[PDB]
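Below sits a lone chain in structure tokens, taken as the form deposited in one PDB entry.
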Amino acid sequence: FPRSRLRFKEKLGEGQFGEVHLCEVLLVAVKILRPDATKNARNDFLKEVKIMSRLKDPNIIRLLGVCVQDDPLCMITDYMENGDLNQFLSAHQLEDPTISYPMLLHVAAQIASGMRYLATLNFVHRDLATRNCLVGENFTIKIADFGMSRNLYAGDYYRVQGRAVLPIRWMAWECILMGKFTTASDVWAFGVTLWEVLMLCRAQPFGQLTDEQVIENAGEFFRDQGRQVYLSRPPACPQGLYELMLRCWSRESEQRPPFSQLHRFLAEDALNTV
């Protein structure tokens, strides 16, 4: 894509190495690298682009075009009017800017549908959360399949020097203990994400616990002596939906529901629960 065809209007967001801008060509979102981006970051950007080229789904952000011929590299994606899912839900209250319970189901169902698509490709997202989802017009939800280290969500990641930055509060117990990331662990993360949506993003998962306590909690899952703790049922969440969350947090990976079952529950079975 010709970079000259792009007209920059606003800077939406930024990370350690990248910046997202609103651009006119028709609005698109454009991720560009910082002027002080390392060649390491450039290489990561290229890899990121190659991954995105594969993922084509109504509920996955799409790669509309690239500008990699010159520095800094550009990635062009859907512009989503309402920004990220976390910030969107935080600005809303449950219906007595309001959002209804049926809509929350619809939002989660779209996420589930996006993850269902990724599952058929055996693609593991590894960082599913409301902060990595986007909201367009008509409550359209798309999962972001690229990353950016925004300072706003620094507290959502566990940092140790020389280690990978890990979203431990969204990670399955076998993830925390082994670094074992699979589709089954994506399901666990979906459960936490579903919890966020029903909480309307009013609280961080295990928010009153420290990182080390969350890590220790994963050890209690492994041990299985009935001392592990779960995220509590959100006020807006009915028991039946919550039991679904719990199945996502089963100790055994094979006991966690596939995204096909999760989507069916949220899009169909729960329609009678309103």
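C-alpha atoms forming the largest set that superposes within 1.5 Å between two forms make up the rigid core. One rule holds for the numbers: they count along the sequence shown, beginning at 1.
Novice: If I compare the deposited sequence with the modelled residues, how many are absent between residue 25 and residue 26: none, 1 to 3, 4 to 9, or 10 or more?
Specialist: Count of unmodelled residues in between: 10 or more.
Novice: Per the record, averaged over C-alpha atoms, which has the higher B-factor: 62 to 70 or 236 to 244?
Specialist: Mean CA B-factor is higher for 62 to 70.
Novice: Taking the mean of the C-alpha B-factors per stretch from the entry, tell me the winner out of 116 to 124 and 177 to 185.
Specialist: Per the deposited B-factors, the answer is 177 to 185.
Novice: Looking at the C-alpha B-factor of residue 201, is it in the lowest, middle or highest third of its chain?
Specialist: Its C-alpha B-factor belongs to the lowest third of this chain's values.
Novice: Within this chain, which third does the Cα B-factor at residue 169 fall in: lowest, middle or highest?
Specialist: Its C-alpha B-factor belongs to the lowest third of this chain's values.
Novice: Check where residue 46 lands among this chain's C-alpha B-factors and tell me if it's the lowest, middle or highest third.
Specialist: Middle third.
Novice: Is the Cα B-factor recorded for residue 81 in the lowest, middle or highest third of its chain?
Specialist: For residue 81, the deposited C-alpha B-factor lands in the highest third.
Novice: In terms of the chain's CA B-factor thirds, is residue 108 lowest, middle or highest?
Specialist: CA B-factor rank for residue 108: lowest third.
Missing here is the form deposited in another entry; even so, the following discussion is about that form.
Novice: Superpose on the core and compare between this form and the one not shown; which one of 111, 74, 118, 89 crosses the 2 Å Cα shift mark?
Specialist: The one that shifts is 74.
Novice: Using the core for the fit, does the CA position of residue 20 change by 2 Å or more between this form and the one not shown?
Specialist: Passes the 2 Å threshold, so yes.
Novice: On a core-based superposition, does residue 219 travel 2 Å or more at its Cα between this form and the one not shown?
Specialist: No; residue 219 is a residue whose C-alpha shifts by less than 2 Å between this form and the one not shown when the cores are overlaid.
Novice: Rigid core fitted, is the C-alpha displacement of residue 53 between this form and the one not shown 2 Å or more?
Specialist: No; that C-alpha moves by less than 2 Å between this form and the one not shown.
Novice: Can you tell whether residue 148 sits closer to or farther from residue 212 in the other form than it does here, judged by CA atoms, where the change is 3 Å or more?
Specialist: Note: Cα gap between residue 148 and residue 212 shrinks in the other form.
Novice: What happens to the Cα distance from residue 215 to residue 147 in the other form: does it get closer or farther than here, with a change of 3 angstroms or more?
Specialist: Compared with the shown chain, residue 215-residue 147 is closer in the other form.
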